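Taking the form deposited without its partner chain, here's one chain by itself in structure tokens.
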């Protein structure tokens, strides 16, 4: 289940950076940006393989790619945020 909706203004600033890159189709910072997200634990609605893609939300100060990501679906504005390495997800509302 999606844990609720979250305003874009409420997320770390880097979430806005990632969304802008998704909009332009990069170029992206990490080679893993844009890979298919398999939704193995069925946290997000069940879809055919390939429906979902994942992108890094940079965490300043981290030594790795970290745990923050944006998962996109095929619907318009269907963008989900996870700050906990896919445990929980929120749908992003870009109007607030």
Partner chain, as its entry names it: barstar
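Numbering follows the first chain given and starts at 1.
Below, we turn to the form deposited with its partner chain bound, even though it does not appear here.
Q: State yes or no: in the bound PDB entry, is some non-hydrogen atom of residue 26 no more than 4.5 angstroms from a non-hydrogen atom of its partner chain?
A: It does not: once its partner chain is placed as it appears in the bound PDB entry, residue 26 has no heavy atom within 4.5 Å of it.
Q: Determine whether any heavy atom of residue 37 comes within 4.5 Å of a heavy atom of its partner chain in the bound PDB entry, and answer yes or no.
A: Residue 37 belongs to the contact set for its partner chain.
Q: According to a 4.5 angstroms non-hydrogen atom cut-off, is residue 65 in contact with its partner chain in the bound PDB entry?
A: Residue 65 belongs to the contact set for its partner chain.
Q: Even though its partner chain is not shown here, does it sit in the bound PDB entry so that 32, 41 and 86 each have a heavy atom within 4.5 Å?
A: Yes, all three are in contact.
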